[PDB]
Amino acid sequence: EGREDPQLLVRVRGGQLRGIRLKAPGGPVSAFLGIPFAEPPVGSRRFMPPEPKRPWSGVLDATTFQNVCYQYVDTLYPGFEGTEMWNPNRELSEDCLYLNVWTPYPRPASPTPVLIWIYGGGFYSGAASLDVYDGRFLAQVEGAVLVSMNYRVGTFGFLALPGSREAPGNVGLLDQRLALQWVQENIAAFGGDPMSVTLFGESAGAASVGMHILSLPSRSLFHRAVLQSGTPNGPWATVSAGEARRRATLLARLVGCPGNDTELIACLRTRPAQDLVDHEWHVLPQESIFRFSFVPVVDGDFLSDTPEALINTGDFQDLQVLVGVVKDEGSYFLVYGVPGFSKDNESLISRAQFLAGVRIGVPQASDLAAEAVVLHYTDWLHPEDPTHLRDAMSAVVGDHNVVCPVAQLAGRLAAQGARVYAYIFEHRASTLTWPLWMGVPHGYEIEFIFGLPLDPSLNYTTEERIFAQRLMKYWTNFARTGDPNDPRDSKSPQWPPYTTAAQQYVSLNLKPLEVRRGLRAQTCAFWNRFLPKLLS
Amino acid sequence: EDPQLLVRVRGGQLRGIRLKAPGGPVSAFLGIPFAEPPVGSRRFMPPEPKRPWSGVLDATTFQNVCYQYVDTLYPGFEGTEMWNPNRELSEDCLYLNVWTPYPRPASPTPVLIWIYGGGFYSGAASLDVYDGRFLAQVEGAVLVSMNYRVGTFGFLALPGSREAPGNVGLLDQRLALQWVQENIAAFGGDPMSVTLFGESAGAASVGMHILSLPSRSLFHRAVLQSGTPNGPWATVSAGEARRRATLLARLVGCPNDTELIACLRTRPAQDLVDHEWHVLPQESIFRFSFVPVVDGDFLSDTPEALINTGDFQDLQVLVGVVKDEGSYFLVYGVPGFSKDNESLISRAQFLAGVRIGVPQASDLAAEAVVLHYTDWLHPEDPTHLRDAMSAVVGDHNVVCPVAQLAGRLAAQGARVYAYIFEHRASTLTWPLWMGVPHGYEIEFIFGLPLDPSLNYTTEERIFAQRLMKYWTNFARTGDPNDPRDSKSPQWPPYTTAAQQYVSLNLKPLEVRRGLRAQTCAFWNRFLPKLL
Ligand SMILES: Nc1ccc2c(c1)c(-c1ccccc1)[n+](CCCCCCc1cn(CCNc3c4c(nc5ccccc35)CCCC4)nn1)c1cc(N)ccc21
Ligand SMILES: Nc1ccc2c(c1)c(-c1ccccc1)[n+](CCCCCCc1cn(CCNc3c4c(nc5ccccc35)CCCC4)nn1)c1cc(N)ccc21
Ligand SMILES: *[C@@H]1O[C@H](CO)[C@@H](O)[C@H](O)[C@H]1NC(C)=O
Ligand SMILES: *[C@@H]1O[C@H](CO)[C@@H](O)[C@H](O)[C@H]1NC(C)=O
């Protein structure tokens, strides 16, 4: 060993690690980046469940982020910070099953609450190495141990021929689970407490957290959960076994792969990764937004039944969850495929463009159901006002895909024994490069939770820095105790739990917490109670 | 003998009576026959004009009320008995009433013709709330009201038959309108300025005269209070009238059309009334057994079809609703509702109430109504459920049909003014939870609060004076705004763009936009698509 910072040498079950001392605003942190937690899922292991990483010899260098899992790279607005901040920032490879750990420097004396982040990206993209997921602030300021993992996305993570041995489905979820098992066995080496593990995630990451709540083998690996702008229930986070089969075999056809499952998957395994990515988007059943080709499948194994069935009959007595949404969940999706919408103008649309947007934003809906949506979201005082139509198209997509599934989830969890806290995040970052009409888009709370505004080189306002400190405190208080409130700080306004009776939730913005009742209650009765009865 | 009380009409001489109003005397000619008594072989038949009479006909008292069911839900209760017949029932009931200023006007005066409501099964022009003396005295109006046949006698139809063609009660009204053209000048009225006004079924009747060409030369303007020709209760198809007519005949022991109607004509009047209510196709409220029928004659098509394609360019209309249209209907058949308690109901009672209040609705459609009107913050709160039940019935039957009518008339060239009446009378005997019920604006428009023996407040007297002005200004000019008052807030016309209407209450006029717009989109655009 010899001459190295002794605070950076650590042993886990697979061997020795060397981390790096990083600078955060208030002082140093330790990071162990690029720790392998699985055998590289390459070759005959593509589409297969992950196997645990075999021990290595020598001191593994854990000072840089490892490869990003193979994925489609967004080129809608190339060169534009608003999109590129989500794009991969390391090399793409199928050899991507690595995780990251930040801890205080020096490492904590007594066992510390662990937070595990699961990124989103529609189950087709994402990486734990993106700047907005930087764990250094939470580790330095709140003393947290923060863990994030890469999991397979797209076909590599979710392509399924259900019932098969060679493509069983949900393997990306199994990568996540394996990283959680890794934290149970190994996080104490870093000063983390394996008995206090809080999962948090956004969008597909949040849906992922929800699937770990609903899947029994994952339940012993964590104690609390945070779902930001996503759920396992709802229209995009799962597919039936039949629909996944249909998408897998269509994709196979598109890349020249012909009849039994073994032979089809063996041929898919000979294809270059980039081939699979180039046809991934061509298997969706309609023109649509907020739909992704390869997502968790209701396999009868990882998911013993649909998420809707499991949240309706689950016993959630021992469970604390924090859930919420941003003010404008739907806005950004509109520029990825609704005619009339762009980031470079005000996107004022016509009534005709609104009806056409609804067919795309609600692709599974019949004619009757789409007229119901249109009639519900039309302002009948200004039925043709292009500003109102624009904002209504954003709300349709936001409510159908996020806000109403979250309200449904919170309601079922609460009624069935869970302690639930709910929020709406309404602060638009001063540094946002998306246009004003998009408001607070899907994903733009994350940089505040992780504490980026504390970095003075990023140019957030002082108020934003104080707001980020507040949120970091809510999230880590929740990780520590199951309650986002500070016990010592009595006079600060309280965040009451969500109940079916009172339906309380809080506004997260620059002003002190304000308590509201009813999470889009009238409109979510439309989506969650009425619309389903209009598919019978 | 007072020569202001002697008038010569086409059929002969009349003697009226000088009545006292608060501010001075008025002349009234009550009980003037405008048709041959529609009795015997004339039952179910179009009215024939009254034959001339000899001498001086005494027109100093109200005549008989048209034969009808008398309400016995709350016997001796003012709130119900004020709507019950106040003269003898008879099939011989085709008489009209005229109030005029005393002395009779020097120059020709705008004429207002009232058409009473009562679901096409009841009512009378003789009720105290239809007293024309206040409008006559204070505004100098000539006010006319007529009896028309109701129930089977007025609307029993075997469509296409010669002996029960349907809509005869509407033809009674039309004949009284013809009478006014030929005769009202003798009283100082202007036949060139005739405004129809009516409430509930009386309003739907006014609407049916708008939509029927032969009625259109008999008036110039119209007011429809809490009622429309479109909507779920004011018409039936020819097939459904035939069905109800032949069911009713079966219930009284009768018997082709000729034979069936001849046997019905032998039955005492009360036998017909006894079985009237048993022909409705479901358990329901705000539904009536014998109503105007889409005959292809008086009504050439459904009222929906006629308002959609009509040209209403030279028409001025005033329309509106009260704050709680559906409230009272609830105690006439929805389990859980009574006048004598607060009617706090359960969710289960709300779902059951909706099937009754929207009787034509499928399972899915009734679930949409329940889901729309539930407050999802307080889904089980009994106060919210009670008020929502009232709203369902009021919106489905009155408010939304009115918003649809106003919209179509405005889009198609009519000058339209709309209101919501929100003042609850201090003298109301119905309970607080019913709010401002269907019918309780009428006493204000007719000016009853000006009678100091009736114990309205001073504020109520001044409010009634304001309304009497709006209504008679409208009759005079087609515009309810006082052409003298150079201060605001003016009552603007209703249009499909702006959708402006006004609140009538003790406070000065307030202009609002959108008459239950979201909710009426539900009833008027979505539910039809749920066929
Ligand atoms: N080359 C093709 C061919 C066919 C289709 C393609 C692309 C696309 C397309 C997909 C991704 C990016 C651009 C275009 N689409 C559109 C997919 C539209 C749905 C995805 C929208 C989307 C895009 N991203 C990029 C990831 N970035 C983000 C995020 C998050 N937030 C934000 C906020 C603003 C901007 C981006 C962003 C938060 C979570 C993580 C990632 N995530 N989600 C198609 C759709 C069809 N129905 C059929 C075919 C095709
Ligand atoms: N004896 C029977 C037998 C069977 C049925 C009967 C009655 C009734 C019923 C009818 C009238 C009165 C009481 C009971 N109903 C109930 C019919 C519901 C429709 C009548 C509701 C109604 C009753 N009135 C009385 C006239 N009074 C008013 C009004 C107006 N406003 C008001 C305001 C408050 C109270 C009354 C009132 C304004 C305009 C004119 C008359 N108008 N409208 C049945 C229904 C069915 N589906 C089947 C069978 C039967
Ligand atoms: C904004 O830009 C898009 C795509 O370039 C275009 O289709 C749309 O019509 C524009 N909107 C307006 C009102 O300028
Ligand atoms: C932040 O502000 C500085 C100082 O003026 C500027 O030069 C820098 O480029 C900005 N950086 C970002 C992240 O926008």
# chains A, B, ... in the order shown; residues from 1 in each chain; ligands from 1
$ residues_near_ligand --ligand "ligand 4" --cutoff "12 Å" --atoms "only C-alpha atoms and all ligand atoms" --output "count of residues only"
16
$ residues_near_ligand --ligand "ligand 3" --cutoff "7 Å" --atoms "only C-alpha atoms and all ligand atoms" --output "list in words"
residues 339, 340, 341, 342, 344, 345, 346, 347, 348 and 349 of chain A
$ closest_atom_pairs --of "chain B" --to "chain A" --cutoff "9 Å" --atoms "only C-alpha atoms" --output "JSON lines"
{"residue": "B:364", "atom": "CA", "partner": "A:533", "partner_atom": "CA", "distance": 7.6}
{"residue": "B:367", "atom": "CA", "partner": "A:530", "partner_atom": "CA", "distance": 7.8}
{"residue": "B:368", "atom": "CA", "partner": "A:530", "partner_atom": "CA", "distance": 6.7}
{"residue": "B:371", "atom": "CA", "partner": "A:530", "partner_atom": "CA", "distance": 6.9}
{"residue": "B:372", "atom": "CA", "partner": "A:526", "partner_atom": "CA", "distance": 8.0}
{"residue": "B:374", "atom": "CA", "partner": "A:522", "partner_atom": "CA", "distance": 8.4}
{"residue": "B:375", "atom": "CA", "partner": "A:522", "partner_atom": "CA", "distance": 7.1}
{"residue": "B:376", "atom": "CA", "partner": "A:521", "partner_atom": "CA", "distance": 5.7}
{"residue": "B:377", "atom": "CA", "partner": "A:518", "partner_atom": "CA", "distance": 6.0}
{"residue": "B:378", "atom": "CA", "partner": "A:501", "partner_atom": "CA", "distance": 8.0}
{"residue": "B:496", "atom": "CA", "partner": "A:381", "partner_atom": "CA", "distance": 9.0}
{"residue": "B:497", "atom": "CA", "partner": "A:381", "partner_atom": "CA", "distance": 7.6}
{"residue": "B:498", "atom": "CA", "partner": "A:381", "partner_atom": "CA", "distance": 7.4}
{"residue": "B:499", "atom": "CA", "partner": "A:381", "partner_atom": "CA", "distance": 7.4}
{"residue": "B:513", "atom": "CA", "partner": "A:381", "partner_atom": "CA", "distance": 7.5}
{"residue": "B:514", "atom": "CA", "partner": "A:381", "partner_atom": "CA", "distance": 6.0}
{"residue": "B:517", "atom": "CA", "partner": "A:380", "partner_atom": "CA", "distance": 5.8}
{"residue": "B:518", "atom": "CA", "partner": "A:380", "partner_atom": "CA", "distance": 6.1}
{"residue": "B:521", "atom": "CA", "partner": "A:375", "partner_atom": "CA", "distance": 7.1}
{"residue": "B:522", "atom": "CA", "partner": "A:375", "partner_atom": "CA", "distance": 7.6}
{"residue": "B:525", "atom": "CA", "partner": "A:375", "partner_atom": "CA", "distance": 8.0}
{"residue": "B:526", "atom": "CA", "partner": "A:372", "partner_atom": "CA", "distance": 6.8}
{"residue": "B:529", "atom": "CA", "partner": "A:368", "partner_atom": "CA", "distance": 7.6}
{"residue": "B:530", "atom": "CA", "partner": "A:368", "partner_atom": "CA", "distance": 8.2}
$ residues_near_ligand --ligand "ligand 1" --cutoff "8 Å" --atoms "only C-alpha atoms and all ligand atoms" --output "PyMOL selection string"
chain A and resi 72-76+82-83+85-87+119-122+125-126+202-204+278-292+332-333+336-337+434+441-444
$ residues_near_ligand --ligand "ligand 2" --cutoff "6 Å" --atoms "only C-alpha atoms and all ligand atoms" --output "JSON, numbers by chain"
{"B": [71, 73, 80, 83, 117, 118, 200, 277, 278, 280, 282, 283, 284, 285, 286, 287, 328, 329, 332, 437, 438, 439]}
$ residues_around --residues "residue A:4" --least-positions-apart "5" --cutoff "12 Å" --atoms "only C-alpha atoms" --output "list in words"
residues 9, 10, 18, 19, 20 and 21 of chain A
$ select_by_dssp --residues "stretch 80-225 of chain A" --states "strand (DSSP E or B)" --output "ChimeraX atom specification"
/A:92-93,98-104,112-118,145-149,192-202,224-225
$ atom_distance --atom1 "atom CA of residue B:355" --atom2 "atom CA of residue B:333"
11.6 Å
$ select_by_dssp --residues "stretch 288-453 of chain A" --states "helix (DSSP H, G or I)" --output "PyMOL selection string"
chain A and resi 307-313+331-336+351-361+367-377+386-415+436-438+446-449+452-453
$ residues_around --residues "residue B:345" --least-positions-apart "3" --cutoff "12 Å" --atoms "only C-alpha atoms" --output "list in words"
residues 330, 334, 335, 336, 337, 338, 341, 342, 348, 349, 350, 351, 352, 353, 379, 380, 381, 382, 383, 384, 385, 386, 387, 388, 389 and 390 of chain B
$ residues_around --residues "residue B:142" --least-positions-apart "6" --cutoff "7 Å" --atoms "only C-alpha atoms" --output "list in words"
residues 98, 99, 100, 109, 110, 111, 112, 136 and 189 of chain B
$ closest_residue --among "A:445, A:134, A:483, A:185" --to "residue A:14" --atoms "only C-alpha atoms"
A:185
$ closest_residue --among "A:207, A:33, A:17, A:415" --to "residue A:58" --atoms "only C-alpha atoms"
A:17
$ atom_distance --atom1 "atom CA of residue B:490" --atom2 "atom CA of residue B:464"
17.9 Å
$ residues_around --residues "stretch 212-219 of chain A" --least-positions-apart "5" --cutoff "12 Å" --atoms "only C-alpha atoms" --output "PyMOL selection string"
chain A and resi 118+170+173-181+184+197-201+205-207+224-227+231-233+296+298-316+318-321+409+413+418
$ write_last_selection --atoms "C-alpha atoms" --output "PDB file, in the first residue's frame"
ATOM      1  CA  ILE A 118     -32.161   4.638  -9.116  1.00  0.00           C
ATOM      2  CA  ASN A 170     -37.058  -7.722 -15.969  1.00  0.00           C
ATOM      3  CA  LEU A 173     -34.737  -4.771 -12.309  1.00  0.00           C
ATOM      4  CA  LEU A 174     -32.643  -7.757 -11.208  1.00  0.00           C
ATOM      5  CA  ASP A 175     -29.462  -5.656 -11.723  1.00  0.00           C
ATOM      6  CA  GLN A 176     -30.964  -3.111  -9.342  1.00  0.00           C
ATOM      7  CA  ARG A 177     -31.823  -5.874  -6.899  1.00  0.00           C
ATOM      8  CA  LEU A 178     -28.273  -7.264  -7.071  1.00  0.00           C
ATOM      9  CA  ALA A 179     -26.885  -3.821  -6.276  1.00  0.00           C
ATOM     10  CA  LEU A 180     -29.221  -3.703  -3.270  1.00  0.00           C
ATOM     11  CA  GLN A 181     -27.869  -7.103  -2.119  1.00  0.00           C
ATOM     12  CA  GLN A 184     -26.541  -5.262   2.407  1.00  0.00           C
ATOM     13  CA  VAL A 197     -31.569   1.833   3.517  1.00  0.00           C
ATOM     14  CA  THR A 198     -33.839   4.244   1.699  1.00  0.00           C
ATOM     15  CA  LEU A 199     -34.384   3.823  -2.037  1.00  0.00           C
ATOM     16  CA  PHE A 200     -35.070   6.936  -4.031  1.00  0.00           C
ATOM     17  CA  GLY A 201     -35.635   7.486  -7.700  1.00  0.00           C
ATOM     18  CA  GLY A 205     -36.344   5.130 -11.324  1.00  0.00           C
ATOM     19  CA  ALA A 206     -39.336   5.857  -9.172  1.00  0.00           C
ATOM     20  CA  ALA A 207     -41.371   3.185 -10.936  1.00  0.00           C
ATOM     21  CA  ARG A 224     -38.048   3.154   3.171  1.00  0.00           C
ATOM     22  CA  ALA A 225     -38.790   4.557  -0.245  1.00  0.00           C
ATOM     23  CA  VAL A 226     -39.116   7.759  -2.238  1.00  0.00           C
ATOM     24  CA  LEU A 227     -40.892   7.884  -5.604  1.00  0.00           C
ATOM     25  CA  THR A 231     -44.994   4.858 -10.212  1.00  0.00           C
ATOM     26  CA  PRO A 232     -45.140   1.136 -10.997  1.00  0.00           C
ATOM     27  CA  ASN A 233     -48.891   1.499 -11.754  1.00  0.00           C
ATOM     28  CA  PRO A 296     -40.767  -4.219 -16.904  1.00  0.00           C
ATOM     29  CA  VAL A 298     -45.799  -8.667 -15.723  1.00  0.00           C
ATOM     30  CA  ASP A 299     -44.057 -12.024 -15.753  1.00  0.00           C
ATOM     31  CA  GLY A 300     -45.782 -13.714 -12.789  1.00  0.00           C
ATOM     32  CA  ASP A 301     -42.331 -13.879 -11.066  1.00  0.00           C
ATOM     33  CA  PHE A 302     -40.656 -10.496 -10.298  1.00  0.00           C
ATOM     34  CA  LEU A 303     -44.178  -9.064 -10.619  1.00  0.00           C
ATOM     35  CA  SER A 304     -46.621 -11.742  -9.468  1.00  0.00           C
ATOM     36  CA  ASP A 305     -49.488  -9.707 -10.939  1.00  0.00           C
ATOM     37  CA  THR A 306     -50.115  -6.250 -12.473  1.00  0.00           C
ATOM     38  CA  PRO A 307     -48.950  -3.352 -10.256  1.00  0.00           C
ATOM     39  CA  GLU A 308     -52.617  -2.222 -10.167  1.00  0.00           C
ATOM     40  CA  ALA A 309     -53.618  -5.583  -8.658  1.00  0.00           C
ATOM     41  CA  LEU A 310     -50.729  -5.511  -6.145  1.00  0.00           C
ATOM     42  CA  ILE A 311     -51.296  -1.997  -4.792  1.00  0.00           C
ATOM     43  CA  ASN A 312     -55.056  -2.738  -4.472  1.00  0.00           C
ATOM     44  CA  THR A 313     -54.470  -5.923  -2.350  1.00  0.00           C
ATOM     45  CA  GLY A 314     -51.073  -5.319  -0.752  1.00  0.00           C
ATOM     46  CA  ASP A 315     -50.478  -5.039   2.969  1.00  0.00           C
ATOM     47  CA  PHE A 316     -48.174  -2.022   3.439  1.00  0.00           C
ATOM     48  CA  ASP A 318     -44.532  -1.474   7.853  1.00  0.00           C
ATOM     49  CA  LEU A 319     -43.803   0.965   5.013  1.00  0.00           C
ATOM     50  CA  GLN A 320     -42.915   4.628   4.891  1.00  0.00           C
ATOM     51  CA  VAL A 321     -42.944   6.351   1.500  1.00  0.00           C
ATOM     52  CA  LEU A 409     -50.564   5.033  -5.521  1.00  0.00           C
ATOM     53  CA  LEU A 413     -50.745   2.856   0.103  1.00  0.00           C
ATOM     54  CA  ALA A 418     -48.423   2.918   4.884  1.00  0.00           C
TER      55      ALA A 418
END
$ residues_around --residues "residue B:274" --least-positions-apart "3" --cutoff "12 Å" --atoms "only C-alpha atoms" --output "VMD selection string"
chain B and resid 67 to 70 151 to 152 248 to 249 251 to 252 267 to 271 277 to 279
$ write_last_selection --atoms "C-alpha atoms" --output "CSV table (one decimal), in the first residue's frame"
chain,number,residue,atom,x,y,z
B,67,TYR,CA,-109.3,19.6,-15.0
B,68,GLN,CA,-106.1,18.3,-13.3
B,69,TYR,CA,-104.4,16.3,-10.6
B,70,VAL,CA,-104.4,18.0,-7.3
B,151,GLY,CA,-102.8,16.4,-18.7
B,152,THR,CA,-104.7,14.0,-20.9
B,248,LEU,CA,-103.9,4.9,-20.2
B,249,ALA,CA,-106.9,3.7,-22.3
B,251,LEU,CA,-106.1,1.2,-17.5
B,252,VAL,CA,-109.6,2.7,-17.7
B,267,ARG,CA,-115.1,8.4,-19.2
B,268,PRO,CA,-115.6,11.0,-16.4
B,269,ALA,CA,-112.7,13.4,-16.2
B,270,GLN,CA,-111.5,12.2,-12.8
B,271,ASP,CA,-111.1,8.6,-14.1
B,277,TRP,CA,-99.4,9.0,-13.4
B,278,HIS,CA,-99.3,5.2,-14.0
B,279,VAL,CA,-98.1,5.5,-17.7
$ closest_residue --among "A:335, A:257, A:352, A:362" --to "residue A:437" --atoms "only C-alpha atoms"
A:335
